[PDB]
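**Student:** this one is an experimental structure. Sequence first:
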Amino acid sequence: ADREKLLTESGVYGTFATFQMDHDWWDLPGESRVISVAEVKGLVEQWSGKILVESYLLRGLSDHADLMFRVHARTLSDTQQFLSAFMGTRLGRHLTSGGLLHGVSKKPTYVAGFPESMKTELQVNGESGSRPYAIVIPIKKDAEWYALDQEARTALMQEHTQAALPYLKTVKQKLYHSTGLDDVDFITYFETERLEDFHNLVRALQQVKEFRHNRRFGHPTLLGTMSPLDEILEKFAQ
Amino acid sequence: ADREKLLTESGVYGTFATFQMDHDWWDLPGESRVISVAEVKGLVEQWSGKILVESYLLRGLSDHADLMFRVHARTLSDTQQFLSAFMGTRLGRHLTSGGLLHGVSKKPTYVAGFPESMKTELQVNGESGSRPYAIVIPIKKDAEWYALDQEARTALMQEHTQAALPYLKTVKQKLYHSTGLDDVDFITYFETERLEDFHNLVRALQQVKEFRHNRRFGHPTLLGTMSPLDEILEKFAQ
Amino acid sequence: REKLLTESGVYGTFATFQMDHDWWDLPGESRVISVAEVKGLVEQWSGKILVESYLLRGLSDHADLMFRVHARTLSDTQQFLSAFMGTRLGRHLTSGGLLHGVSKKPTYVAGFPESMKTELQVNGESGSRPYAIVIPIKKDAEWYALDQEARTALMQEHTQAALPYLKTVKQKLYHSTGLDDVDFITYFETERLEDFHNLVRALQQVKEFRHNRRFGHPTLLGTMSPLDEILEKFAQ
Amino acid sequence: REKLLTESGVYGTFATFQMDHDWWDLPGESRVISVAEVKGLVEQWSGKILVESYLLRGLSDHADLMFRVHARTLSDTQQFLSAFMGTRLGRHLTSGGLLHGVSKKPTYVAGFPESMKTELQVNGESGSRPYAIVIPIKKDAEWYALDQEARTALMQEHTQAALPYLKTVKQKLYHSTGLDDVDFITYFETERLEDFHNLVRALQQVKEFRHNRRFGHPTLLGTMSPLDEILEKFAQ
Amino acid sequence: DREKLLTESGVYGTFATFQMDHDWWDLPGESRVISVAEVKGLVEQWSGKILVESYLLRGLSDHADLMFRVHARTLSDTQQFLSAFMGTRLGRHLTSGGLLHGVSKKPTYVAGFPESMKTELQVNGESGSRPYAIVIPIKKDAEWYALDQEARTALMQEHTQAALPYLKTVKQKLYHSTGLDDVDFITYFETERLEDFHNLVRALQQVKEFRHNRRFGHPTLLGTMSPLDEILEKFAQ
Ligand code: HEM
Ligand code: HEM
Ligand code: HEM
Ligand code: HEM
Ligand code: HEM
């Protein structure tokens, strides 16, 4: 019910955690693993009041990673507890952590200075689909970007928004402000049924003048499929 | 029969996976190894209906690698399943991944604006030989490249193509558009019986003005021999 | 404790550790005895150094524990850290970070206008169990070429944009050149991260930010809880 | 053999290996049997390739042994190297870098003065068990942008600075572009490392050096000796 | 003699760092104490051709426990010693963590300095017991080597000028390392007061030479100087 209270509202932290599965996990008998999966489900369900957790299968799409959590929380302290709890699970004890990025979502900064025609197009909701592809791209702006005045950056971001608009219907997007919580300024999240559209989306943004201000683009670029936690861990049950 | 329908048609994703074999693999008794090899062979044959898998021996040609998969599929979802099954396999659980790159094939962008004399020579298929050397080079363009207009880049790529033409008869080439699926913009793939030609090919392309725009060239530069999957896995028995 | 967190000439070390998998393969009572060994080690050193504990687990990747050790002589800090890694607990820890930084009298403060000076004597965030952020910084070559005046001016614009955060963000600077691969170690306590997030974005606008060659890497983030509260979470 | 160390069209492969900890857990007798397997494999391949060995243990970090393998085709080098790492000894070896480079007939020497051409025909240093250095090199985009005359002139300046070291430093160059991540592989033999050192700083003065985008990384240093004596030293 | 390696030129200097495995603590204490005794002798057995000094980097430098500063007239001898050491039972529980060689030479630019500066330079420095020790590798940019002998000489005089007030509290040593590894220089320092050593470096960050340092540190090795036995004693129980 309060699902969207975290996915859209501001002041909401957003955390990306990646995990890789150890070798010993398959030494466990199939029965012992199926049980282990249930412990996680409950931990998530027990935490379903304070946070929100969505899972993605990165195995075979992203290098050196199997599982990613997108955890929403009113405070990062709560996410700290959950991740510690998750890694304390018998399943989690057979997981080696592989990267962690936090980012708080905020109300738009440059959109207000856009054309009223452009503002409208942005209210085109996007792509709402079941089990879509998911992409995560961290970004760091160069010192030059921050030196610019508010009007200049606003105009640059209008050029940014303009090139992306014809992909709004097929590519969902969300932005996390990450500066000061790690080594990145932004975390970008995307959902798509057609990866070819998302690709064309990116080269289209390679055309704008904004791209040259990106000191860091990707590294790592997390690609994966979106699916309920049960089916992912089920694939780990064999 | 259904084979060439993927290697030439557009919309076909192409995935490159590299693996290295652990030390613990040789601690395993031979009997355990022969079964592990057998588990892999059938699984590949089991997946021969939805995708295409070719194997390459990087052992002794590429550092920290023994095996490379060139997997073609209309959807990355299928490739994700295959790779996940493969790395869960008893052989695969003794494999460490060493890079993973996706790239969708596309309809040529600059060829249409070429001289008709150049277009024709490009339609020359190339040299078809058995068990050739294979090189894979990922490439990332600098921010300047994407800033240029359609005419400048086109002229640059004609200068590119021009230097490459005398190698068409001895070097097969194919290009995958990779931006947004990982940390690279392109994936280049080559087959040749003559490595000395491939070398001369590259320095010839080092002279052109396009080359200076490659922020990343190689890293890693994958070299290997092309051969059936059985023969590679055969070497891990004994 | 005030002698070490305030005075100059007091070194500050930042040790980061991550726990092994096979630590959880150890029987539950062994972890208890292990934890009990560490407290006695810190206690025997309390008369020479000051050890503060942090919990990076679930906030800072490839990290579980962080120490902030203060000592007027770095030798004392060396004996301790080798001993901690010698302890049964420490033999199951892969250290992944170690930064030293001495404290010194302010360089560019006296040059500042005294309106700003008085605002720097203003208390600051006095919180309990707050978030903690450690950022290492390396200046470029151009920075050190600039004369004192040109640099003192740049730190004025620096101190300026930071003033609205002084009450919600605690700060401490460690001079770290020639002890590791960074020039400065910045340490911050705060109950509000969005506040601290603002402080950085605000500081990104000054021209002094241009002269930061290495910014972050790694950017450590965790909660500042007492030692026992972190070690009790380990035995389970 | 000498038809391979000098003729053009000859591929040259550099393989580095590090010895595991588990190898020394093995009793001495178990190793000697393993050593014997390698000797035969080399002799079995002595028809299609040529193999020279180097002791990097204690001179280059994270390395004990290096192979310099000459062959007209890399496939043969591939078979040998794949077989070698399958050897009982090779199953206790972790691979540590691999660089190929085909030898070709000189490009710029022809445009040199005959006074310089002659001095280059001075064979070099022939010594027993000399030091050996291997340096991979990548040229910047600017170098390849130059037309044929400047590079020719630049390499004449290169050759000029190197001449007083010909009698004490043997050298050979491999064209490596397209087979890995480097453009060239340089190989040197010298009884006097101090000579080789003075040689390198002498070449740091020329205008060519600035066009070297990548210089070394890794820089392989080692001693040259028969394969038997190296492997024997890995015994007991 | 004893002194022929710490001052003379043509003497190679090698820096080897090692980290201690986890399996080392699986061994019973006495078995380790014996291993310590084995190492002591190997050093003394080699005490004729080379010189070995040891440093504790455990808890001061990341990912390192022990460092050797080995001086030898030939690198071949140092190669043998390290191979024996890493083959030693203690050494089989050691993982190597970086290796840099550098030959000491007679000064290149000092001759062109004022004798007022030369005199102050003849002050050897501070000889103290168990001082801190710092190792900083350095690589100069291509621009530096493009400069003529006079400019570089003047730049190095500016370097020397800034360092002088630290001569009495900071010992300095320079190794010419180009061609033996991936660095051009290796710098070694001893001081009882690290606070002095810090001020020394930012003072040297002001000069125009510093911008020519393509690589400065990476890694920057810090540690304590002490006899090999007392260091190894800590690796026993
Ligand atoms: C349909 C796709 C997209 C749309 C509609 C879009 C639109 C926008 C808009 C309106 C903003 C302003 C938000 C604000 O006021 O702070 C923004 C910010 C941003 N976007 Fe996107 N964008 C899209 C795709 C992308 C992609 C593909 C990337 C990176 C791979 C990206 C990275 C960023 C970053 C880093 C910012 C913050 C810029 C800054 O404030 O410095 N966006 N985008
Ligand atoms: C050997 C024969 C080769 C031929 C016939 C050839 C031809 C071409 C042609 C016609 C294009 C235009 C693509 C389009 O129109 O959309 C192209 C693109 C490209 N080629 Fe090649 N090429 C060859 C070798 C190579 C090599 C050796 C490399 C790199 C080592 C390379 C790297 C690339 C890259 C990165 C592009 C992407 C163009 C872009 O950035 O937009 N090619 N090639
Ligand atoms: C409430 C927040 C902050 C306050 C009140 C503050 C204030 C100051 C002041 C007054 C100085 C001058 C030191 C002196 O005179 O010796 C200084 C130095 C410095 N600060 Fe901050 N600052 C704040 C936040 C930050 C942050 C967030 C960072 C980095 C992410 C930072 C990095 C530095 C650095 C690198 C220096 C020394 C630069 C140099 O000497 O070259 N500060 N700060
Ligand atoms: C006694 C010492 C040396 C001699 C006699 C020597 C001589 C030569 C000559 C004559 C050439 C040009 C041959 C041709 O392509 O026609 C050459 C090429 C080259 N040398 Fe050396 N050289 C010496 C030292 C070095 C060293 C120390 C290095 C690097 C560490 C080096 C790196 C190279 C490279 C990268 C090229 C080819 C560059 C290009 O073709 O773009 N050389 N050498
Ligand atoms: C502490 C007292 C120091 C003194 C008295 C001193 C003095 C000198 C002198 C006289 C030379 C000339 C060498 C020659 O003639 O060949 C020299 C070279 C050099 N020193 Fe120092 N120095 C000191 C500290 C340092 C420090 C702290 C560093 C680096 C962190 C350093 C790095 C270097 C380098 C890289 C060179 C060789 C530069 C080149 O030839 O390109 N020195 N030093």
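**Tutor:** On my side now, so go ahead. Numbers count the residues shown, from 1 in each chain, chains lettered A, B, ... in the order given. Ligands and ions are numbered 1, 2, ... in the order given.
**Student:** in chain A, which residue sits nearest chain D?
**Tutor:** Among the residues of chain A, residue A:23 lies nearest to chain D; the distance is 17.3 Å by C-beta to the nearest C-beta. From N, CA and C alone the C-beta is placed, and that goes for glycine too.
**Student:** helices of chain A, residue ranges please.
**Tutor:** Listed from the start of the chain, chain A has helices (DSSP state H) covering A:4-7, A:30-46, A:76-88, A:116-122, A:143-147, A:150-164, A:195-204, A:229-234.
**Student:** on contacts alone, who are the packing partners of the last one?
**Tutor:** When contacts are defined as 3 or more C-beta pairs under 8 Å, 6 or more residues apart in numbering or on different chains; DSSP states H and E, helix A:229-234 sits against helix A:30-46, strand A:51-57.
**Student:** winner for burial among the ones you listed?
**Tutor:** The highest mean neighbour count among the helices and strands packed on helix A:229-234, using mean count of other C-beta atoms under 10 Å in any protein chain shown, belongs to strand A:51-57: a mean of 22.
**Student:** for residue B:195, which of the helices of chain A is the nearest?
**Tutor:** Distances from residue B:195 to each of these were compared by C-beta to C-beta, and the smallest falls on helix A:195-204, at 31.9 Å.
**Student:** could you export the helices of chain A as CSV, including distance to residue A:14?
**Tutor:** As requested, the helices of chain A are arranged in CSV below (distance: least, C-beta to C-beta, whole Å):
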stretch, distance to residue A:14
helix A:4-7, 8
helix A:30-46, 17
helix A:76-88, 9
helix A:116-122, 20
helix A:143-147, 22
helix A:150-164, 20
helix A:195-204, 20
helix A:229-234, 18
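**Student:** quick one: which of those helices is nearest ligand 5?
**Tutor:** When those are ranked by distance to ligand 5, counting by C-beta to the nearest ligand atom, first place goes to helix A:143-147 at 26.5 Å.
**Student:** how about the closest one, does it get close to chain B?
**Tutor:** No - using C-beta under 8 Å from any C-beta of the partner chain, helix A:143-147 stays clear of chain B, coming no nearer than 11.9 Å.
**Student:** quickly check: that helix near chain C or not.
**Tutor:** Yes - on the criterion C-beta under 8 Å from any C-beta, helix A:143-147 is in touch with chain C at A:143, A:146, A:147.
**Student:** contacts only, for the closest residue to chain B within chain A.
**Tutor:** Ranking the residues of chain A by distance to chain B (C-beta to the nearest C-beta) places residue A:60 first, at 3.1 Å. Contacts for residue A:60 were tallied using C-beta atoms under 8 Å, 6 or more residues apart in numbering or on different chains; they are B:17, B:79, B:80, B:81, B:82, B:83, B:84, B:87, B:100.
**Student:** same check on residue A:176?
**Tutor:** If you count contacts by C-beta under 8 Å, 6+ apart, residue A:176 has them with A:14, A:102, A:103, A:104, A:105, A:186, A:187, A:188, A:189.
**Student:** again, 6 Å this time
**Tutor:** Residues in contact with residue A:176 (C-beta atoms under 6 Å, 6 or more residues apart in numbering or on different chains) are A:14, A:103, A:105, A:187.
**Student:** neighbours around the second one, how many?
**Tutor:** Same thing as residue A:103. Under the neighbour criterion other C-beta atoms under 10 Å in any protein chain shown, residue A:103 is assigned a count of 26.
**Student:** my guess is it contacts residue A:175. True?
**Tutor:** No - here residue A:103 does not reach residue A:175: they are 8.1 Å apart, not a contact under C-beta atoms under 6 Å.
**Student:** gap between residue A:17 and residue A:93?
**Tutor:** Going from residue A:17 to residue A:93 by C-beta to C-beta, to the nearest Å gives 15 Å.
**Student:** looking at those two, which is more packed in?
**Tutor:** Just comparing residue A:17 and residue A:93: by other C-beta under 10 Å the higher neighbour count belongs to residue A:17, 23 against 16.
**Student:** check contacts around that one.
**Tutor:** The neighbourhood of residue A:17, defined by C-beta under 6 Å, 6+ apart, consists of A:69, A:83, A:100.
**Student:** can you do 10 Å?
**Tutor:** A:53, A:67-71, A:79, A:82-83, A:86-87, A:97-102, C:58, C:61 (C-beta atoms under 10 Å, 6 or more residues apart in numbering or on different chains).
**Student:** what do you get for residue A:144?
**Tutor:** Counting by C-beta under 10 Å, 6+ apart, the residues that residue A:144 touches are A:212, A:213, A:215, C:210.
**Student:** how many other residues sit next to the first one?
**Tutor:** In other words, residue A:212. Here the neighbour count serves as a burial measure; for residue A:212 (other C-beta under 10 Å) it reads 16.
**Student:** what residue in chain A comes nearest to ligand 4?
**Tutor:** Ligand 4 sits closest to residue A:219 of chain A, with a gap of 30.1 Å, by C-beta to the nearest ligand atom.
**Student:** which residues touch that residue?
**Tutor:** Residues near residue A:219 by C-beta under 10 Å, 6+ apart: A:137, A:138, A:139, A:140, A:183, A:184, B:183.
**Student:** just to check, residue A:154 is in contact with residue A:115?
**Tutor:** No - with the criterion set as C-beta atoms under 10 Å, residue A:154 and residue A:115 do not qualify as a contacting pair; they are 11.8 Å apart.
**Student:** nothing else from me, thank you.
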